[PDB]
Participant: 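Before anything else, here's the structure in question.
Computed over heavy atoms, backbone and side chain alike; hydrogens, waters and symmetry mates excluded. Below, read A as the first sequence line, B as the second, and so on, with proteins coming before strands; counting in each chain starts at 1.
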Number of protein chains: 2
Amino acid sequence: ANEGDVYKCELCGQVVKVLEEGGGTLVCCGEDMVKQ
Amino acid sequence: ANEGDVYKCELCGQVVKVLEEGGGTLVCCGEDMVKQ
């Protein structure tokens, strides 16, 4: 994901902002978080 | 996780901040992110 990017969990509605970018895929509730 | 909380992946260094709180556990590189 990228810096400044905002991700959401469609299962629980948790939302995060990417502060430091890295090559891993962000996961929550065992599903891929969705880029906003 | 809580609003304003910061999480990091110890494998790829990806750093996120929680904008909206949910009950799920944040995962990256298939591992639980660490609460900073």
Participant: Looking at every non-hydrogen atom in both residues, tell me the closest pair between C28(B) and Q14(B) and how far apart they are.
Facilitator: SG-NE2, 3.3 Å

Participant: Could you tell me if the side chain of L19(B) sits less than 4.5 Å from the side chain of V16(A), heavy atoms only?
Facilitator: no

Participant: Residues of residues 29-36 of chain A under 4.5 Å from chain B (heavy atom pairs)?
Facilitator: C29(A), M33(A)

Participant: Look only at the side chain of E20(B) and the backbone of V15(A), and say whether a donor-acceptor pair between them is shorter than 3.5 Å.
Facilitator: no

Participant: Among residues 2-13 of chain A, which residues come closer than 4.5 Å to chain B, judged by heavy atom distances?
Facilitator: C12(A), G13(A)

